[PDB]
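Single-letter residue listing:
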Amino acid sequence: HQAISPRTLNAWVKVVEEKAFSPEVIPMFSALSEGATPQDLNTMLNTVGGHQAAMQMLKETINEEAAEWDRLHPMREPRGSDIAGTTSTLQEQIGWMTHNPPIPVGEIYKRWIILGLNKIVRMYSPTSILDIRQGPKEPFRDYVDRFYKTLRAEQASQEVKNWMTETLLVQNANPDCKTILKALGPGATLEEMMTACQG
Amino acid sequence: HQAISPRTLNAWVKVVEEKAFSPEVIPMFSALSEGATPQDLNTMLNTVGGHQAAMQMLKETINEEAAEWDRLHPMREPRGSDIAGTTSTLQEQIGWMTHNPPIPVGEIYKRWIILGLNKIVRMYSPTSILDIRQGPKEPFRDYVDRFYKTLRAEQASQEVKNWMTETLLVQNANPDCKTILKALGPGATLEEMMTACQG
Amino acid sequence: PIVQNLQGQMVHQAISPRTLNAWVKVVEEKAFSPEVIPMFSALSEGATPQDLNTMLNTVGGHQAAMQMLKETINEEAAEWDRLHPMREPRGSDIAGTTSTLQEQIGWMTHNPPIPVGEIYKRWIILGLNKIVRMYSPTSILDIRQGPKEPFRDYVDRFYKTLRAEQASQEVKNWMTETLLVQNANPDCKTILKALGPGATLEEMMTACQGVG
Amino acid sequence: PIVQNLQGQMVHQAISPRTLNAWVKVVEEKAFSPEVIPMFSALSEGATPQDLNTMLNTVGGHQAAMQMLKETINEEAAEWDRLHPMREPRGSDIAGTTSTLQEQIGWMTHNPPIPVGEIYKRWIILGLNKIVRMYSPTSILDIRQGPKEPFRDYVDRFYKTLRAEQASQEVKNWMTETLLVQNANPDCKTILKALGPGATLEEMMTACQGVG
Amino acid sequence: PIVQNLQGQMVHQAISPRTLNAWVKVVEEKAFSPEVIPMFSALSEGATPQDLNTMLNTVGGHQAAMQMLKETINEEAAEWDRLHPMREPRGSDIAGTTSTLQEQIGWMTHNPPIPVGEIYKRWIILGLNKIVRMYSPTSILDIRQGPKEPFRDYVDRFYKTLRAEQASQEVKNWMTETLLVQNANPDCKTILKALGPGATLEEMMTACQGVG
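- Going by the header, the method for this PDB entry is cryo-EM, and the resolution given is 3.1 Å.

In structure tokens, the structure reads:
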């Protein structure tokens, strides 16, 4: 076991505080927590000082997932609160990751954390993708940026997201760009749409 | 297998954030992602915040290149989406880069990403090279710097680049410098062209 | 119609009263729209010339329509007798005025079948097309999309009038390709012209959905 | 259809004239709404490929619809011949253009039955779904409840357009769950959002009754 | 349906295409009003479980309605299997999904007849009542006579909503006795209250005729 580096922890804390909760926080967390034990994940979550509402939301989601784990799961085989790192030693957490065959308590807990952060990101997104609409004078580039950030925060299935991508982007544009996007015809691509609507 | 470092990820995120999509981001990405797996490349692309129009265009370009790989190439072998890292697992990626000969899935995906990024740079060029014109009291050093920055962004063919460096550069200069550059005559390299124009 | 007996012999089956009532409702209520011709074809499936005459008796209330229908039937009978100089069916035998029902059953049951009923049916359909074109309320050049009219409804009106007016197939293809785009309203004609030449109707309708 | 003889042998029973008239009324008057597909399925129960072709002849008045219907039928026939290289039915035999009626009766009476009629029926229903989606007046994103519109009528319009637009089942489930609530009018959308996620349509309709 | 052969043996008679078209028109055009249940009962007279499933296939276009219909059918099948632990019909045999048509004919022809078709019919009618109550536009408390509305039309609306809402018989009797008088317009409610308690509907309609 190697301790979470001070630079890595400061990086995680700074991205959380500065970025608030944007969709990129999920991949940033996943990258910064490669190989992390539940103790290290708890360190990463507790070290954050701001957004205490969201940290409570994350703790509640972790508790729900742990309760479901205990419901489905009555060296000792870990329980939900054991996987969450609150009723386990760091040595026992090193166990089940060095076990043969290892049951990765760290990654299981990380999945729960990712679910909680998805819920948090969806809540923190300013508006729904069905509500994102181009302004009368907004450039198509800016409208596309807002649309796809919101779609990234949308949390729907991938097929639904594909349908959203192909339909809502054209549907929600202002009439000046909506006519051009229709003249582009169906089956267009974002490069062609954005070059056409640069004017 | 080694995961990409937090310092490297912070550097990539920061350079994207501050440079937007100036041409040097392509070589910066190529340098920072040396030895990267498809998972590492996906981490680098997903950790970026903002520029979501550009990131979607990159996704579409990657999907197109994956389709071309599927057309050209109809344990489990790598499909286009496998080289993209969307479907394949990290163990499959490691194995494909580990065979002798290996399938360098990291480099193939990197080439696709570089194609997408070149398209993004070409679209994010703030102004066309035809509109780069020297100011009334602008130094020729600054003017030609702007001209060649734009020319790097345009990514025209070498014949058009040679023609436009020879002709449009001197056409778009102010009269005071334009007279000097015309007196120099054709065939002047950039070194001679701008050293004769100092002051 | 004609139906095999219990022991297999073919015999005439009279056209039912409610089928005749359905044809009467088509003639009276539909005002000789283009849809009377599909309904005449459907209601008279298997009909012998006697049954077709029974149906035509209901058109006699419309004097001009019956008159031009009869004149078209006579002209097609003459065209038949030009090429065709029980007995062989005369032009007036196909029309079921000089013949008897048993000859009609025999002709319909010949090997190969002499499709006397279907021949008279096609003559009657020619006459009905003439009547429908006569009663058309507007020419195809007069159909123009309204400011708020959906493209689907305008296309429906355009193709209904196209069925009524009965131009040649080349002229019909040109009309659908060009005149449909020309008469559309400006907010929609912009998209139609943007789609360019060779635009199939599916592309035109999908692109123009909700433009009103 | 096919019906047993008096002595038990199966024989073709021609599709009745008034059933064809009913299908003609569906084609002409219904304007290719989503309800033409249930009515095509109902009116063509037991139909042989010859009967299905007889019904399809009435769609020929709509030139674009008939064209795309035929193209879909040909593509499905090719898909059949890909997997299937009296005789074994060819793709054009299922379509009832190269075959004869007796082969169709035999295939429908095989042990186990070769459901040639139902296969052609499903091909035709695919083509009809394509036509219905083409003729849809509005996309599902355009259905929005009015200020005084009852929630029942708005739900009816939403689900009619949902049948017309034919998204995938996952996308349809999402649309009913989310987009239905999104497009409702504010006085009603308040209650819809108050019901929370996982609200069945019965709860949404009972809660929203009389809110207009 | 089931019909005796020429020699007396019972055999399945397929539900006709136009009867299925009539049921399709009821499902599509009637919007699940209270009158769909009498029409389902009428159109499915003598229907076997296979015929009832054939009819239910047309409701599948309405996804929520079909879903709750199936759930009600399953719950009633479970209630049947609770009391009932060729073979004896299972709950899924009454639903015509695990059984075969011949067993259904045999059960319908037993001495005494096992009314499998009518049992499934009553289950389907329960589900249809649930759907009708779901789709009811207004509650019975919202029906109020207009200033100029005749008492006959208001009574018609009141009793239509009463059929839709499906309260218990005691509550229905109270509603007809009291709530009908309460919601009437003042010029008419004066006469209604003057008639006093125990006023039959005939007295209320005769007294209130022409009061608008």
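So that's the structure; there's more coming.
Details of the relation of the copies chain C and chain D
Here two copies of a chain appear, and what relates them is a rotation about an axis with a shift along it.
For step 1, the next point in the chain: Placing chain C over chain D gives an RMSD of 0.0 Å and needs a rotation angle of 72 degrees, together with 0.0 Å of translation along the axis. The relationship between the two copies is best expressed as a five-fold rotation axis. Within chain C, C:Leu6 has its C-alpha nearest the rotation axis, a separation of 6.6 Å.

So, the environment of C:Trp123
All names here are of chain C.
For step 1, the next point in the chain: You can see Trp123 is positioned in helix 7 (residues 116-134).
For step 2, the next point in the chain: With 28 residues separating them in the primary sequence, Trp123 and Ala95 have C-alpha atoms 9.0 Å apart.
For step 3, the next point in the chain: Excluding residues within four positions of it along the chain, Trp123 makes contact with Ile73, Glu76, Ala77, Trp80, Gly91, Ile94 and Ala95.

Notes on the side chain of A:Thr37
For step 1, the next point in the chain: Tracing the backbone shows A:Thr37 in the loop between helix 2 (25-32) and helix 3 (38-47).
For step 2, the next point in the chain: Excluding anything up to four places from it in sequence, A:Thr37 contacts A:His1, A:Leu90 and A:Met97.

Regarding the interface of chain C and chain D
Accessible area lost when the parts come together is the quantity often used to give the size of an interface.
For step 1, the next point in the chain: In this assembly, 18 residues from chain C lie in contact with 23 residues from chain D.
For step 2, the next point in the chain: Residue composition of the side of chain C that touches chain D, by class: seven nonpolar, four polar and seven charged.

A short note on the packing of helix 1 (residues 17-29) of chain D against helix 3 (residues 49-59) of chain D
All names here are of chain D.
For step 1, the next point in the chain: Two numbers describe how helix 1 lies on helix 3: the axes approach to 9 Å, and their chain directions differ by 35 degrees. Where helix 1 crosses over helix 3, the handedness of that crossing is right-handed. Of the residues in helix 3, those touching helix 1 at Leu20, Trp23, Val24, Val27 and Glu28 are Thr54, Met55, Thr58 and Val59.
For step 2, the next point in the chain: Counted by class, the contact of helix 1 with helix 3 contains six nonpolar, two polar and one charged residues.

Notes on the relation of the copies chain B and chain A
For step 1, the next point in the chain: The operation relating chain B to chain A is a screw motion whose rotation component is 62 degrees, with 1.3 Å of axial translation and a residual RMSD of 1.3 Å. Seen this way, the second copy is the image of the first under a six-fold rotation axis. Rotation axis and chain B: the residue whose C-alpha lies nearest the axis is B:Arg7, separated from it by 8.5 Å.
For step 2, the next point in the chain: When the interface residues of chain B are mapped onto chain A, a mere 5% of them are again interface residues, pointing to distinct binding faces.

Here's the deal with the arrangement of the chains
For step 1, the next point in the chain: Where the six pairs of chains in contact are concerned, the greatest contact count is recorded for chains A and B.
For step 2, the next point in the chain: The two units chain B and chain D are non-contacting; their minimal C-alpha-C-alpha distance is 19 Å.
For step 3, the next point in the chain: At their nearest point, the C-alpha atoms of chain A and chain E are still 19 Å apart, with no contact between the two.

Concerning helix 3 of chain A
For step 1, the next point in the chain: Looking at helix 3 of chain A, one finds that the buried residues are A:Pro38, A:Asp40, A:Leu41, A:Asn42, A:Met44 and A:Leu45.
For step 2, the next point in the chain: Of the surrounding secondary structure, the elements contacted by the buried residues of helix 3 of chain A are helix 1 (6-19), helix 2, helix 4 (52-72), helix 5 (80-83), helix 6 (90-94) and helix 7 (105-124) of chain A.

Brief notes about the domain arrangement of chain A
All names here are of chain A.
For step 1, the next point in the chain: Under the domain assignment, chain A is made up of domain 1 (6-124) and domain 2 (129-197).
For step 2, the next point in the chain: A C-alpha centroid distance of 35 Å is found between domain 1 and domain 2.
For step 3, the next point in the chain: In this assembly, seven residues from domain 1 lie in contact with five residues from domain 2.
For step 4, the next point in the chain: Summed over both partners, the interface of domain 1 with domain 2 comes to about 530 Å²; 54% of that surface belongs to carbon and sulfur atoms.
For step 5, the next point in the chain: It is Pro23, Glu24 and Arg122 that lose the most area in domain 1 upon contact with domain 2, and together they represent 71% of the buried surface on that side.
For step 6, the next point in the chain: In this assembly, domain 1 and domain 2 are joined by one salt bridge.
For step 7, the next point in the chain: Close ionic contact of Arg152 with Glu24 constitutes a salt bridge, the shortest N to O distance being 3.8 Å.
For step 8, the next point in the chain: Between the two partners, domain 1 and domain 2, sit zero residue pairs in polar contact.
For step 9, the next point in the chain: A total of four residues in the side of domain 1 that touches domain 2 trace back to one element, the largest contributor, which is helix 7.
For step 10, the next point in the chain: Here the residues of the side of domain 1 that touches domain 2 are counted per class, giving three nonpolar, one polar and three charged.

Conventions used here
Residues numbered from 1 in each chain as written, not as in the entry; some residues may be left out. Chains lettered and ligands numbered in written order. Part of a larger assembly, values for the part shown. Heavy atoms only, no water. Residues with missing side-chain atoms left out of burial classes, pairs and counts. Least-squares fit on C-alpha atoms. Helix = DSSP H or I, 4+ residues; strand = E, 2+ residues; numbered from the N terminus. Contact = heavy atoms within 4.5 Å. Nonpolar A, V, L, I, M, F, W, Y, C, P; charged D, E, K, R; others polar. Axes fitted to C-alpha atoms, helices over the stretch in contact; angles between N-to-C directions. Left-handed = near helix turned anticlockwise from the far one by under 90°. Buried < 20%, exposed > 50% of the residue type's maximum accessible area, 1.4 Å probe, protein only. Domains from an automatic or database assignment. Buried area = accessible area lost by both parts, 1.4 Å probe. Salt bridge = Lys/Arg side-chain N within 4 Å of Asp/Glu carboxyl O. Polar contact = N/O pair within 3.5 Å; in protein donor to acceptor, adjacent residues only side chain to side chain.

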